[PDB]
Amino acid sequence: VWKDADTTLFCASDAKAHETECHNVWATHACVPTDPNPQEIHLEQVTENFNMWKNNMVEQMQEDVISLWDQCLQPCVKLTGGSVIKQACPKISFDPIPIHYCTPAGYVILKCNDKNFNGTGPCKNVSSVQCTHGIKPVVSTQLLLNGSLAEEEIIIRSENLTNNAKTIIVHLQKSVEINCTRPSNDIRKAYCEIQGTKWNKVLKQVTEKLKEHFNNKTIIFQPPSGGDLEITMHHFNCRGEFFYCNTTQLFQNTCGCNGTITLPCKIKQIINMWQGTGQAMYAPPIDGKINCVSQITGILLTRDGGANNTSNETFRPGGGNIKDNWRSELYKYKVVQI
């Protein structure tokens, strides 16, 4: 009845035309309304295979988010290699809305409903939908924010657990609230508050899950060994401002830990673009309180893989590849041609 196929999708959201928030604006121009009566048909006795690492859906979402960040977050001064490009840099209201990805006629989306599906292998519970769920195009690093939570277990997904260079997605079951704030009246100085209790607890649960994927070895957490600030720090956009949080505290086996954790954040104007090889400078931060309270719903890790001894294993945060962020939401979807 069907085969896997790569076709061009189309977006669908509930963006409001009167809204000034750029995500809403882009969506109203690029995407259609959501289905008011969405229907999902359970394929009984159907087992379907999935490979979340080869899903063209992700690639197409990537292209949308790039275009959206391009129309909505144009840099004042863009520096690609040696070229210097000056263009307007108006401050905008920037809060990501959910985007549904839908298939054209002749095609349909298969949705794996297995409770602890690692993204690759057979799905004993396949469903069929016309669109995916509402995915916020949240662009982050080290910490996946505002994503979908795992139902029942911490899930560990990697293209290749053996290849240390391959990123490790950590899908959490319980969110860890992170409250990041730039106080009103160094304008470039901010901080992210995290309840140390929850984080420590969650962090232990993920050690266990790592153990079961890595030979009950001892799990060690460390800050990133090096690289760009966007990678060595928890990077994310809040209200149009580019935050950089220092997550050194969050990633170390220290667990008086019941305390509140305050991460040193900085608002940057000069950044490295994730969209591609290029650097961008934006105007100084807006006035007044700048507060984003997000839910940490996943973690991006990277195993050292010394491959010298079985004494221990070490994990560090990373995740500059934003296709891994879309992958973490689109893992349960595939596009097939009827």
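We number the residues from 1 along the sequence you see.
*Mind giving me a quick count class for deposited residues absent from the model between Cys255 and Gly256? Options are none, 1 to 3, 4 to 9, 10 or more.*
4 to 9 residues lack coordinates between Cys255 and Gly256.
*asked:* Please compare 103-111 with 204-212 and name the stretch with the higher mean C-alpha B-factor in the deposited structure.
replied: Taking the mean B-factor of the alpha carbons in each, 204-212 is higher.
*Check the entry's C-alpha temperature factors for 158-166 and 173-181, then say which stretch has the higher mean.*
In the deposited entry, the stretch with the higher C-alpha B-factor mean is 173-181.
*By the entry's C-alpha temperature factors, tell me which of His133, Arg188, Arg239, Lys124 sits highest.*
Across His133, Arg188, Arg239, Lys124, the entry lists the biggest C-alpha B-factor for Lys124.
*Go through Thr314, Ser13, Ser328, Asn321 one by one and give the residue whose Cα B-factor in the PDB entry is largest.*
If I rank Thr314, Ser13, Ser328, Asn321 by C-alpha B-factor, first place goes to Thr314.
*What third of the chain, by the recorded C-alpha B-factor, contains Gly298?*
Middle third.
*Which third of the chain holds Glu40 when residues are ordered by C-alpha B factor: lowest, middle or highest?*
Top third by C-alpha B-factor.
*Just say lowest, middle or highest third for the CA B-factor of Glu152 relative to the other modelled residues in its chain.*
It belongs to the highest third of the chain when residues are ordered by C-alpha B-factor.
_Where does the C-alpha B-factor of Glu193 rank in its chain, lowest, middle or highest third?_
For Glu193, whose C-alpha B-factor we compare with every modelled residue in the chain, the answer is the highest third.
*What third of its chain's C-alpha B-factors does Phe243 belong to: lowest, middle or highest?*
CA B-factor rank for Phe243: lowest third.
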